[PDB]
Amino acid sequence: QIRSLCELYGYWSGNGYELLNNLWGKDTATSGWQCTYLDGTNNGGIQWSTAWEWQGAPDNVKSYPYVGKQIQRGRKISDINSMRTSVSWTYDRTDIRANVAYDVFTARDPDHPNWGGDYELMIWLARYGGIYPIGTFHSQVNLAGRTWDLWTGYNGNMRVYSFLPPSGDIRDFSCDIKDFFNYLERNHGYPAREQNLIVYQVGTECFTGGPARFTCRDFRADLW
């Protein structure tokens, strides 16, 4: 690894991307740790991984290490034409409580801190060990060439829209996240014209299990 980010909130940024050993929920764990590794920044993308093991509180996320696309504040979702992204990843085992997911926050306050927003849009690419997303099942939606189970709910005052694979995982994926926002704008009244993009990330929410290792073979994210 080019960088080993094993400290709590260990951080790297470069080439318009950032990486965080985002162990935000660790104080619910009774044992374990996790490190995030920068493996490369080849071909306009990021290659990274995270190794971990956690015990305690199986319904509590301990971490969401992520790679994020750095963005300038104040971009209204309605004025973002495209958020094309691709990811290739593996997990070394699936007998864990964890997901792989894109995470996007938006807020009417363009200066909202990066830990949340008014809305959260997740696109899950894995759902291991019996975990659930926030909220309840809403409906199925056809986007990005796939069918998704959309779940909706709230985390505090933040409305959360999570698009889940009905079955299995998606280890090689590409989409335009604007398709997901557009769907929400049309059918869910998502107020894209007044929401600003806050974060644009992919990573893995880790609940319990391990030792496990998530390998992101490649990640790329653009927006226009």
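Counting begins at 1, following the sequence as shown.
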property: Between the two ranges 35-43 and 61-69, the one averaging a larger CA B factor in the entry; result: 35-43
property: 23-31 set against 180-188, stretch whose average Cα temperature factor tops the other in the entry; result: 23-31
property: Most elevated Cα B-factor in the entry, residues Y17, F207, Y200, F214; result: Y17
property: Criterion, highest CA B-factor; candidates, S167, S162, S49, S174; result: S167
property: Chain third (lowest, middle, highest) by recorded CA B-factor, residue given as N155; result: highest
property: Chain thirds of CA B-factor: placement of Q55; result: highest
property: Third assignment of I134 from its chain's C-alpha B-factors; result: middle
property: Record-listed C-alpha B factor of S86: chain third; result: middle
property: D109 by Cα B-factor - lowest, middle or highest third of the modelled chain; result: middle
